[PDB]
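**Q** One structure follows; several queries about it will come next.
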Amino acid sequence: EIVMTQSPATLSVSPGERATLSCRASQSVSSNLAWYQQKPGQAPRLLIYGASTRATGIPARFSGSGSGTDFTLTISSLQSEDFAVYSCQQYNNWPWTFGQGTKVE
Amino acid sequence: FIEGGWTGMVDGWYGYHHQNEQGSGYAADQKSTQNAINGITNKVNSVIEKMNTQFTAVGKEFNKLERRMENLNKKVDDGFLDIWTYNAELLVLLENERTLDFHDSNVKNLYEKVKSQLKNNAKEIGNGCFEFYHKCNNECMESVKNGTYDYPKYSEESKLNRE
Amino acid sequence: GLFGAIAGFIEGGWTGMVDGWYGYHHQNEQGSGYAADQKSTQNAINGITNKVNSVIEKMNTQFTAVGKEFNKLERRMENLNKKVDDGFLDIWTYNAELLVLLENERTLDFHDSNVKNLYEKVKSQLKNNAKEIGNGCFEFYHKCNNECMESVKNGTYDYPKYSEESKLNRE
Amino acid sequence: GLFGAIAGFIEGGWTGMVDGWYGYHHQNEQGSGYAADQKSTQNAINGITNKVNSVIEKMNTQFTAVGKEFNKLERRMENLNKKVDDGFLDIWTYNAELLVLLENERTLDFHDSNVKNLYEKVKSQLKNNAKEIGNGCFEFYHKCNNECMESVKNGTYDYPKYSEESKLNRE
Amino acid sequence: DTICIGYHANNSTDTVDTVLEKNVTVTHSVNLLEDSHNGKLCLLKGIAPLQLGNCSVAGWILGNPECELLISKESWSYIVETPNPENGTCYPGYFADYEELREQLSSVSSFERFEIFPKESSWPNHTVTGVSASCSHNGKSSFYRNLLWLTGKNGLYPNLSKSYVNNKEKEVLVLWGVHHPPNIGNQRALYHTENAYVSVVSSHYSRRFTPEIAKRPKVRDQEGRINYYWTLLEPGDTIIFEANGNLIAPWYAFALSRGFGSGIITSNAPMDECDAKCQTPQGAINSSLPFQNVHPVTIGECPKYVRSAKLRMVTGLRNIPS
Amino acid sequence: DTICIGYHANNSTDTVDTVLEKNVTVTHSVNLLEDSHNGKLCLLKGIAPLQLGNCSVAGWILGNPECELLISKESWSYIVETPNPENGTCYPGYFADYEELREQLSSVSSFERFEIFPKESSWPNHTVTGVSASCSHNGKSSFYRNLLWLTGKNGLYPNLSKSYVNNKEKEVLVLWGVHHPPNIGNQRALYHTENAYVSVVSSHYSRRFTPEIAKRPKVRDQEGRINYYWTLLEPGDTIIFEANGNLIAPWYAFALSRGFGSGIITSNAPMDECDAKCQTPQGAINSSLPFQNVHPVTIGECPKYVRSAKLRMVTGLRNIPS
Amino acid sequence: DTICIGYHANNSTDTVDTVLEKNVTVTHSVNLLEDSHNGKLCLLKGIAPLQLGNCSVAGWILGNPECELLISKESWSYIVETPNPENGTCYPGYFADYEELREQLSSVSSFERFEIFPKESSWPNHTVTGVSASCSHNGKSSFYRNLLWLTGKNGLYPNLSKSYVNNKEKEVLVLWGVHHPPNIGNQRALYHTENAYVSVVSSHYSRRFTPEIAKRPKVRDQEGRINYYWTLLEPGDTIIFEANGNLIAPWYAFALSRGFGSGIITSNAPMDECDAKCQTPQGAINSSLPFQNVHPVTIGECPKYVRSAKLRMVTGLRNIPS
Amino acid sequence: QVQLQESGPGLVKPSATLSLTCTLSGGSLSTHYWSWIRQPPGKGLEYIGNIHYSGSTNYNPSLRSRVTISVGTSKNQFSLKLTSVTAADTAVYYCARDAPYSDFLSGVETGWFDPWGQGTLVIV
Ligand SMILES: *[C@@H]1O[C@H](CO)[C@@H](O[C@@H]2O[C@H](CO)[C@@H](O[C@@H]3O[C@H](CO)[C@@H](O)[C@H](O)[C@@H]3O)[C@H](O)[C@H]2NC(C)=O)[C@H](O)[C@H]1NC(C)=O
Ligand SMILES: *[C@@H]1O[C@H](CO)[C@@H](O[C@@H]2O[C@H](CO)[C@@H](O)[C@H](O)[C@H]2NC(C)=O)[C@H](O)[C@H]1NC(C)=O
Ligand SMILES: *[C@@H]1O[C@H](CO)[C@@H](O[C@@H]2O[C@H](CO)[C@@H](O)[C@H](O)[C@H]2NC(C)=O)[C@H](O)[C@H]1NC(C)=O
Ligand SMILES: *[C@@H]1O[C@H](CO)[C@@H](O)[C@H](O)[C@H]1NC(C)=O
Ligand SMILES: *[C@@H]1O[C@H](CO)[C@@H](O)[C@H](O)[C@H]1NC(C)=O
Ligand SMILES: *[C@@H]1O[C@H](CO)[C@@H](O)[C@H](O)[C@H]1NC(C)=O
Ligand SMILES: *[C@@H]1O[C@H](CO)[C@@H](O)[C@H](O)[C@H]1NC(C)=O
Ligand SMILES: *[C@@H]1O[C@H](CO)[C@@H](O)[C@H](O)[C@H]1NC(C)=O
Ligand SMILES: *[C@@H]1O[C@H](CO)[C@@H](O)[C@H](O)[C@H]1NC(C)=O
Ligand SMILES: *[C@@H]1O[C@H](CO)[C@@H](O)[C@H](O)[C@H]1NC(C)=O
Ligand SMILES: *[C@@H]1O[C@H](CO)[C@@H](O)[C@H](O)[C@H]1NC(C)=O
Ligand SMILES: *[C@@H]1O[C@H](CO)[C@@H](O)[C@H](O)[C@H]1NC(C)=O
Ligand SMILES: *[C@@H]1O[C@H](CO)[C@@H](O)[C@H](O)[C@H]1NC(C)=O
Ligand SMILES: *[C@@H]1O[C@H](CO)[C@@H](O)[C@H](O)[C@H]1NC(C)=O
Ligand SMILES: *[C@@H]1O[C@H](CO)[C@@H](O)[C@H](O)[C@H]1NC(C)=O
Ligand SMILES: *[C@@H]1O[C@H](CO)[C@@H](O)[C@H](O)[C@H]1NC(C)=O
């Protein structure tokens, strides 16, 4: 696996303001990265695939970009339901893997 | 020589009408009828047998940048079709005329055969009819038909009746 | 021709006969001259007219046929294009000339037959009332005036009517 | 042929006649033998020769012609070239055989008329001074010496000259 | 007492044409021209044609998913095609040398379809399961049943190199295609290579394809295209396939027993067997006459087509009774 | 008293051939072979030919500057070209499928010339004015009236992308070209790339061009070449043009309406106020005879061509008076 | 005393067919159909044929090492190839437009073979000694007599740039080829580049080639291939060759003289000291008849070919004696 | 739109094989690759592997010796089996469908998952 981690392990944002997360890979993944939401008792939901493109049904509030090893994940604003656990997936190698995830609260 | 055809004759193509005191009726000349048939049969069969064929499919496909070749393929087909059409129609017309003239000759020859057998024992009447100077029975009607008429036998009677 | 009438038993045609193709000349006490046989002539005309028209009318219109341009690496196709045009030209020229020759020969036999049959028509009408002489003529054994000559030409000659006179004139 | 002279009114030909196609045979007190009619034979030869040569002469010379090589992705062109060659071959085979058959039949009719017409020419010269008998023969009613036989063949027979003798012999 | 010399006459209005006269009645006649077909697609010598139904030649030969019923039609006398087939080349593209293939297939009497490069074992390093919405089968995505679309696996697109030796003792027709994506993004997502090539050689055959990226007008919902290519192997030859992307693999191939006398007919007539030695698109001809005026494009032991209404000969006498 | 049977004779010299005799004088005859023409180019059924004069078909359709008088010539019955055209591809190059195009253009009974990619608005970031002395007109360097030579602007050559939908309901002939420089210095000076390409697609048309660099013999003083390409766009389809250099863009295109009976002939015969059923390169034919020996290449409703000198048939009697 | 009219009869068995009768014995007849030949290849109007022996046309025109004996054969009446040529291309590859070249060489009655790019002065920095076992002769490796294999010298392959002006006043056939090595190791060893190109132009001819490196089946034990290309240079023009590797250079060229009546046939008939005006592949015809049933392919002034068995025409009388 | 639900034992002992089945509600396997993803509490997601209904599988090499993924014959069910449970497997297991490549193309991989179940927690 390409080990990937997220530096902002947790975020604490009281207002429904902008929040950002990041992922850093030990090896280049080109643009082959996906960004997901997870909540306890809920099904995980895909936000973005291909580093920058939103999945159908995903709000414009979610955006991001990056390449190689360095990816930026942006939430334009946090709604109360967006205080989710977030994670990145790397699909430019085999096996595919995920980062440890971050908690937004 | 005859005015027109006989609808009462059904046993051949060409023939005689024999009329005398012992009876009357039509009879075909099988020799001239069969010869006419054989000639014609060979003629019709020759026209059919001489068609030269080979058997393959003939249609061809071309793409949109092959018009010059497609047009040549069409030119070849139109040319061959026009040649065969022109030739087939003229051949049939020529074959029909020879057949009809062939038949005209065949009836005229029977007339002359009779003329040669009867000589002075009968007179010529137009419309194909020989009238006898002497009385003639069924046996001499057959002898004339068969080319075995004993002309001199009746010459005395004819001389007496040739007024 | 195969019947032998044209420039044969008839020495040659009549430059003085201008109203038809086949016909008669007569001489009697009331005068002489030529008259055409209109039925024989018109039948000959109609027959031939259909013959000439059959040769022409059975021919289809030639539709546009032009050459084609080929590039310098397409000679195999250019050569076929030429082969097709030459093969068709060869066949059509051959048959066009052959058809004319075959029909001209038959046309002349047709005409030779028609005049010969006109001669025979008269022979059948006259029988012993006239002698056959050359140049397609018959010499009468009885006086035959204009009414007689018309009757003979029309195929209505009353043969027995003149038989006593001809029997005496015949010796 | 359709005129009925060859092996018809003439029982069959003469293997003893070697100087022509058409001719005469005679017998009288001064001799006998066969002789050809040269005017008839030579006209027949030239007529036929012109016809045979016309058939050969009107055929165009075949010039160098070859098939063509094609690769395996050019089958449509190969087949178009074959189609053209087969169409032309079958047309020419058809016309060649058809013309020969039509002409062979006409040639035999040509010859059959010529001998029959020769027969009639003599019949017209002899009239009542001879009678018709089988095998295409004219039996004289008067003595006919070698000079007479030539006169008849030449078309110079003076019919009335022999009429007193024939009238008696005719009974 | 008398003898009349004449000839027969009868009740008949058949007429013939002559050169000198146009309307001559006859007592007997024959007709050299055939003007009627039976309306059915009969079997020449009892051997049925390949009936394509609604598919094209490029439909049948490629295994178009919906013309499946004909894949078992091994023995051919000729080909029957609908005037406007709809089923074939389900993934749009150009079919190379299509007219030439049509001619070569038309003459084949027997088709032995076989796997040349079997799906399960030939490509362990590639995805062999790609399917499209365009090649729909019973409502489900699918693909040509003689081809495999080979895309990457586990982020890789290993080089393709394999060959087949023609041990069939028949000419072998190998079909394959080349994918031309609408976008470089698909070129990478599917094949992981920006500069792909496809190369096919045999002892004498040699062709390199260079997939192009271009958005083309959308056809059957595809923006890209798959072109189709083919070649034949003579017995003993070898076909070698090499690619680093965009190869639509030659899963199946046909061993062809070549014949002759056959061809392709475009017709919407039904099939119904008779021994139609001659057949036209309109039905069977069953006669011995030298000419026909039924149709210019025929197959089988046919009368020659002529542009004429009648070819009647007289055999009898002129029919004039008195 | 005498009655005589005879036949007509006259002063006729008409002589016919027969199979048995080579020279027979007859009283009446018919000529079956036409050997005359009037020496002129005539209208066919009221419709004039296209007069290209000194312009070859390529010179005409590409808009050679010297073929300006052929712009308004919207329709014709046939095309007349001088035997040795002088004004063609003024900018030297290969014209693809030229012979085939001539075969398809003659079939056009008429067409509309229209501007497909307007000069003033289609490419605001490109120079649309490249010219050459080789296509000069009255001493001024110029270029084809139907094509635009696209070179860079202000040092840039942005990728070109345009398309057209065939809304004319006619097949549309679209012409374009690809420039091939003699060297690198010229390739970069004009297109600012050493890796130019041109790509043209339609639903089924699909071709990519690769400009090549090579030294060539001078033709019309040029060392480089412009190759010319064309295609016919079907009604309702879309043609798409993409390039990053070396494209000579279609400017004008033609909406074609096809018909039958036309063809192309080469002739130096004059045109006049006349009409004929059949036109030969040597002049028009006004005759009803079945054969002609005037010329093998003809347009219209013609007598058939034969090599015969005479085809004279006899209708009358052998002309022997006495 | 009797005078009889008859006709001639003899012992003739000449039999003809007619339309009404199947077998008519006649006194005189003419045969219009020729059915024989002498089994030999003859001179035509005094000029001997070109015999290629065991060489194919490609073998001969390329200078195959075994076609040495054919170098002096400057002129001929026709070209004769054996049914199964053995010596063709000796270094396997594709011969472009081969059938088209055969079609145009068939028109050549004579040629001059001249050195076009002299071996000793045109390439001072290239190795001009490459040979191959596949083109061996008499135990030694060799190469085509009309071509030169240019490989590098001392690690370098300087750019090739040469031209020739056709001052022969004949069309000049220039042959050349392109090498396609089996792999990169060979491409580098021979040309010191992995990116070779070959370009050949004339005022109107233009083609660029790229070597396609690939494993290929062995042919004549060679894994790689050399393809052959050609063009006819018009008098007054210039042919230019540019390359940086993989070129098999023209060495010799043919100045051709075209004519008519010549052609190419395939025949294993022996040649002898005979002369005829008509020749078939099975032997010469010496006949003046209008038809022949010997062969569909002929050279010279021949009877027309028909499928007829007999075409006997009657000139005499029915041969019926009594 | 297709929705997934995991079901199976919530407890597996180390000597046992863990077997979990996913049922597809409102859909079927439909030419897509289907995956299993794992999440031990306190950790991010781990990819296990996928399966195409045709019998095509892809596994994370690190689990290859212990994991198999298969499909049922109902074609709306598939399952995960992990042999030799090590108790490092005390994780939530999730059912997910690999994302479609395109509206008009499937049977190929995208590398990520679009529908997910809530997952089931298994204790060892
Ligand atoms: C096998 O043949 C059948 C025909 O028998 C093909 O079905 C037809 O496919 C075309 C594709 O363009 C359909 O046209 C489209 O239909 C939709 C319907 O909503 C419309 O919105 C579009 O504008 C367009 O008209 C056509 O309807 C359909 N016909 C039927 C009866 O379903 C099939 O695609 C062929 N399959 C293969 C694998 O070749
Ligand atoms: C159009 O045709 C004319 C024909 O005269 C061309 O003019 C000649 O061009 C040659 C080029 O080598 C010169 O040598 C002649 O001296 C020119 N003749 C005249 C009268 O000027 C003209 O170049 C052609 N133009 C185009 C654009 O194709
Ligand atoms: C010229 O033709 C002869 C025909 O025999 C060729 O000789 C054969 O070459 C192959 C090469 O693989 C050998 O396997 C055969 O054993 C040879 N045959 C014989 C009888 O020895 C010869 O190679 C050809 N030469 C050229 C230059 O083309
Ligand atoms: C008249 O027609 C009938 C039709 O059945 C036929 O039987 C009869 O023989 C015909 N008449 C003649 C004379 O042939
Ligand atoms: C010939 O007969 C046909 C029979 O259908 C008829 O239509 C045509 O008009 C007739 N022609 C003449 C000239 O009587
Ligand atoms: C062709 O397609 C139509 C419409 O889908 C269908 O009704 C017909 O049965 C099909 N015919 C064949 C031969 O497949
Ligand atoms: C893929 O190819 C490599 C060699 O390039 C080979 O080692 C590997 O085992 C192959 N993988 C499969 C699944 O066959
Ligand atoms: C595929 O070919 C390229 C060269 O084109 C080479 O660099 C690469 O290593 C090859 N890959 C495999 C799996 O062999
Ligand atoms: C016959 O003479 C007339 C004048 O009497 C003349 O008009 C005509 O041309 C001539 N016909 C010929 C020479 O055939
Ligand atoms: C026929 O007459 C023409 C008149 O010009 C003459 O040239 C030709 O040679 C003659 N032919 C024969 C065979 O007499
Ligand atoms: C066309 O050719 C003629 C010669 O046929 C020549 O005189 C004329 O100048 C040329 N150019 C134009 C535009 O007419
Ligand atoms: C011209 O440049 C502008 C720069 O903003 C760009 O938006 C436009 O699309 C370009 N148009 C072209 C290449 O036609
Ligand atoms: C006829 O017999 C002669 C010898 O008397 C002979 O030379 C000739 O060949 C024979 N002809 C035929 C055709 O029998
Ligand atoms: C005619 O004669 C030939 C031999 O010359 C013979 O083979 C054939 O059977 C005969 N009969 C017919 C009808 O052809
Ligand atoms: C052709 O091959 C034979 C041996 O099969 C040999 O004797 C002959 O000399 C060869 N001919 C040529 C021109 O090489
Ligand atoms: C060969 O090398 C010399 C080195 O000075 C150079 O001048 C000459 O032009 C070269 N010729 C070639 C490559 O033909």
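Labels for the structure tokens follow display order: chains A, B, ..., residues from 1 in each chain, ligands from 1.
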Using only C-alpha atoms and all ligand atoms, find each protein or nucleic acid residue lying at most 8 Å from ligand 3; present the set as a VMD selection string.
**A** chain G and resid 54 59 64 to 66 86 to 91 134 to 137 142 to 143 219 to 221
**Q** Convert the current residue selection to file output with N, CA, C and O atoms, as a short mmCIF file (atom, residue, chain, number, x, y, z; two decimals), in the first residue's frame.
**A**
```
data_model
loop_
_atom_site.label_atom_id
_atom_site.label_comp_id
_atom_site.auth_asym_id
_atom_site.auth_seq_id
_atom_site.Cartn_x
_atom_site.Cartn_y
_atom_site.Cartn_z
N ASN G 54 13.73 -18.75 -64.05
CA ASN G 54 13.18 -19.00 -62.71
C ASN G 54 12.96 -17.70 -61.90
O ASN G 54 12.57 -17.77 -60.72
N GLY G 59 11.97 -10.28 -59.07
CA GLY G 59 13.33 -10.79 -58.99
C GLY G 59 14.19 -10.12 -60.03
O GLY G 59 15.27 -9.60 -59.75
N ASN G 64 17.83 -9.47 -58.47
CA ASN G 64 18.09 -10.62 -57.64
C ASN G 64 19.39 -11.25 -58.14
O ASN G 64 19.62 -11.30 -59.35
N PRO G 65 20.31 -11.69 -57.27
CA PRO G 65 21.58 -12.30 -57.61
C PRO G 65 21.51 -13.42 -58.65
O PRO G 65 22.46 -13.60 -59.41
N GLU G 66 20.39 -14.13 -58.73
CA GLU G 66 20.24 -15.22 -59.71
C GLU G 66 19.70 -14.80 -61.10
O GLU G 66 19.55 -15.66 -61.98
N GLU G 86 10.94 -18.98 -58.62
CA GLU G 86 11.60 -19.27 -57.35
C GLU G 86 12.43 -18.10 -56.79
O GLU G 86 12.54 -17.96 -55.57
N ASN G 87 13.00 -17.25 -57.69
CA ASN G 87 13.89 -16.14 -57.37
C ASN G 87 13.16 -14.81 -57.62
O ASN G 87 13.05 -14.34 -58.76
N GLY G 88 12.63 -14.22 -56.54
CA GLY G 88 11.83 -13.00 -56.51
C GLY G 88 12.52 -12.07 -55.56
O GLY G 88 13.72 -11.82 -55.67
N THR G 89 11.79 -11.55 -54.62
CA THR G 89 12.43 -10.74 -53.63
C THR G 89 13.30 -11.73 -52.82
O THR G 89 12.74 -12.73 -52.35
N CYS G 90 14.63 -11.48 -52.63
CA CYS G 90 15.52 -12.37 -51.88
C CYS G 90 15.62 -11.95 -50.42
O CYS G 90 15.84 -12.77 -49.54
N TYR G 91 15.30 -10.68 -50.17
CA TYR G 91 15.28 -10.19 -48.81
C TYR G 91 13.81 -9.83 -48.60
O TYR G 91 13.37 -8.77 -49.05
N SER G 134 20.37 -14.41 -47.19
CA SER G 134 19.13 -14.59 -47.95
C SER G 134 19.24 -14.23 -49.45
O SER G 134 18.40 -14.67 -50.24
N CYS G 135 20.27 -13.47 -49.85
CA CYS G 135 20.54 -13.02 -51.20
C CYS G 135 21.86 -13.63 -51.62
O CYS G 135 22.59 -13.08 -52.44
N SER G 136 22.21 -14.78 -51.05
CA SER G 136 23.47 -15.39 -51.40
C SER G 136 23.47 -15.91 -52.81
O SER G 136 22.43 -16.14 -53.42
N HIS G 137 24.68 -16.11 -53.33
CA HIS G 137 24.91 -16.63 -54.66
C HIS G 137 26.24 -17.36 -54.74
O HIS G 137 27.28 -16.83 -54.37
N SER G 142 25.30 -12.07 -50.53
CA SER G 142 25.30 -10.99 -51.50
C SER G 142 24.08 -10.12 -51.35
O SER G 142 23.44 -10.08 -50.30
N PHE G 143 23.76 -9.36 -52.38
CA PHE G 143 22.62 -8.48 -52.31
C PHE G 143 22.12 -8.18 -53.71
O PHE G 143 22.70 -8.62 -54.69
N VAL G 219 11.16 -15.47 -42.62
CA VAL G 219 10.98 -15.77 -44.03
C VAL G 219 12.37 -15.81 -44.63
O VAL G 219 13.13 -14.86 -44.49
N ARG G 220 12.74 -16.93 -45.25
CA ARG G 220 14.11 -17.07 -45.78
C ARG G 220 15.11 -16.81 -44.66
O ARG G 220 16.15 -16.16 -44.87
N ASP G 221 14.75 -17.29 -43.47
CA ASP G 221 15.48 -17.20 -42.22
C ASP G 221 15.67 -15.77 -41.69
O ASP G 221 16.37 -15.59 -40.69
#
```
**Q** Let me have all residues with an atom within 8 Å of ligand 4, counting only C-alpha atoms and all ligand atoms, laid out as a count of residues only.
**A** 11
**Q** Quick one: residues within 9 Å of residue 3 of chain C, only C-alpha atoms counted, chain neighbours fewer than 3 positions away excluded, as a ChimeraX atom specification?
**A** /C:6,8,109,112-113,116 /D:113-114,117
**Q** Taking only C-alpha atoms and all ligand atoms and a cut-off of 9 Å, can you tell me which residues surround ligand 7, written as a PyMOL selection string?
**A** chain E and resi 123-126+153+158-159
**Q** Please dump the current selection as a PDB file, in the first residue's frame; keep C-alpha atoms.
**A**
```
ATOM      1  CA  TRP E 123      -5.474 -12.182 -20.810  1.00  0.00           C
ATOM      2  CA  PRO E 124      -4.833 -12.739 -17.018  1.00  0.00           C
ATOM      3  CA  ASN E 125      -3.232  -9.209 -16.833  1.00  0.00           C
ATOM      4  CA  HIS E 126      -6.262  -7.305 -18.400  1.00  0.00           C
ATOM      5  CA  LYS E 153      -6.144  -4.087 -14.282  1.00  0.00           C
ATOM      6  CA  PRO E 158       0.925  -4.614 -19.278  1.00  0.00           C
ATOM      7  CA  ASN E 159       2.015  -4.999 -22.947  1.00  0.00           C
TER       8      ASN E 159
END
```
**Q** Would you mind writing down, as an MDAnalysis selection string, each residue of segment 107-275 of chain G that DSSP on the backbone assigns to helix (DSSP H, G or I)?
**A** chainID G and resid 119:122 184:191
**Q** Please identify all polymer residues within 12 Å of residue 75 of chain A, counting only C-alpha atoms, omitting same-chain residues fewer than 4 positions from it, and present them as a list in words.
**A** residues 11, 13, 16, 17, 18, 19, 20, 21, 22, 35, 36, 37, 47, 48, 58, 59, 60, 61, 62, 63, 64, 65, 79, 82, 83, 84, 86 and 104 of chain A
**Q** Can those selected residues be exported to a file as a CSV table (one decimal), in the first residue's frame so that it contains N, CA and C atoms?
**A**
```csv
chain,number,residue,atom,x,y,z
A,11,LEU,N,-10.7,18.7,13.4
A,11,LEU,CA,-11.0,20.1,13.2
A,11,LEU,C,-12.0,20.5,14.2
A,13,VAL,N,-14.7,23.5,14.5
A,13,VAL,CA,-15.3,24.7,13.9
A,13,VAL,C,-16.7,24.9,14.5
A,16,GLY,N,-20.9,27.7,10.9
A,16,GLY,CA,-21.0,27.0,9.6
A,16,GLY,C,-20.1,27.7,8.6
A,17,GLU,N,-18.8,27.7,8.9
A,17,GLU,CA,-17.8,28.3,8.1
A,17,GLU,C,-17.0,27.3,7.3
A,18,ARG,N,-16.0,27.9,6.6
A,18,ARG,CA,-15.1,27.0,5.7
A,18,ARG,C,-14.2,26.2,6.6
A,19,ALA,N,-13.9,25.0,6.1
A,19,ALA,CA,-13.1,24.1,6.8
A,19,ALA,C,-12.2,23.3,5.8
A,20,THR,N,-11.0,23.0,6.1
A,20,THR,CA,-10.2,22.3,5.2
A,20,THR,C,-9.4,21.2,5.8
A,21,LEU,N,-9.2,20.2,5.0
A,21,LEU,CA,-8.5,18.9,5.3
A,21,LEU,C,-7.4,18.7,4.3
A,22,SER,N,-6.5,17.9,4.7
A,22,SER,CA,-5.5,17.5,3.7
A,22,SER,C,-5.0,16.1,3.8
A,35,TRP,N,-12.4,11.4,-2.2
A,35,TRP,CA,-12.6,12.0,-0.9
A,35,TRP,C,-14.1,11.6,-0.4
A,36,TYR,N,-14.1,11.0,0.8
A,36,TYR,CA,-15.4,10.5,1.4
A,36,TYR,C,-15.8,11.1,2.7
A,37,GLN,N,-17.1,11.1,3.0
A,37,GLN,CA,-17.7,11.4,4.3
A,37,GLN,C,-18.1,10.1,5.0
A,47,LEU,N,-17.8,12.0,-1.9
A,47,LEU,CA,-18.0,13.4,-2.3
A,47,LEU,C,-17.3,13.6,-3.6
A,48,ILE,N,-16.0,13.4,-3.7
A,48,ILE,CA,-15.2,13.7,-4.8
A,48,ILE,C,-14.3,12.5,-5.3
A,58,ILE,N,-23.8,15.3,-4.7
A,58,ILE,CA,-22.9,16.0,-3.8
A,58,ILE,C,-22.9,17.5,-4.0
A,59,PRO,N,-23.2,18.3,-2.9
A,59,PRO,CA,-23.3,19.7,-2.9
A,59,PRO,C,-22.0,20.4,-3.4
A,60,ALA,N,-22.2,21.6,-3.9
A,60,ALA,CA,-21.1,22.4,-4.5
A,60,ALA,C,-20.1,22.9,-3.4
A,61,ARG,N,-20.6,22.7,-2.2
A,61,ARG,CA,-19.8,23.0,-1.0
A,61,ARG,C,-18.5,22.2,-0.9
A,62,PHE,N,-18.5,21.0,-1.6
A,62,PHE,CA,-17.3,20.2,-1.5
A,62,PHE,C,-16.5,20.4,-2.7
A,63,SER,N,-15.2,20.7,-2.5
A,63,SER,CA,-14.3,20.9,-3.6
A,63,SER,C,-12.9,20.4,-3.2
A,64,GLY,N,-12.0,20.4,-4.2
A,64,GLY,CA,-10.6,20.1,-3.8
A,64,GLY,C,-9.8,19.9,-5.1
A,65,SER,N,-8.5,19.8,-4.9
A,65,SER,CA,-7.6,19.7,-6.0
A,65,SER,C,-6.3,19.1,-5.5
A,79,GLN,N,-22.2,22.4,7.4
A,79,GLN,CA,-23.6,22.4,7.9
A,79,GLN,C,-23.6,21.4,9.0
A,82,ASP,N,-22.5,18.0,8.2
A,82,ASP,CA,-21.2,17.8,7.6
A,82,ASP,C,-20.1,17.6,8.6
A,83,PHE,N,-20.4,17.6,9.9
A,83,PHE,CA,-19.4,17.3,10.9
A,83,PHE,C,-19.2,15.8,11.0
A,84,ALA,N,-18.6,15.3,10.0
A,84,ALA,CA,-18.4,13.9,9.6
A,84,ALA,C,-16.9,13.6,9.8
A,86,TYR,N,-13.9,12.3,7.8
A,86,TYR,CA,-13.5,12.3,6.4
A,86,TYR,C,-12.3,11.5,6.1
A,104,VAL,N,-14.2,15.9,11.9
A,104,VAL,CA,-14.6,17.3,12.0
A,104,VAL,C,-15.7,17.4,13.1
```
**Q** Which residues are near residue 49 of chain A? Cut-off 7 Å, only C-alpha atoms, ignore same chain within fewer than 2 positions. Put them as a list in words.
**A** residues 33, 34, 35, 51, 52, 53, 54 and 55 of chain A
**Q** Show me, as a count of residues only, the residues of chain E whose atoms get within 10 Å of chain C, using only C-alpha atoms for the distance check.
**A** 5
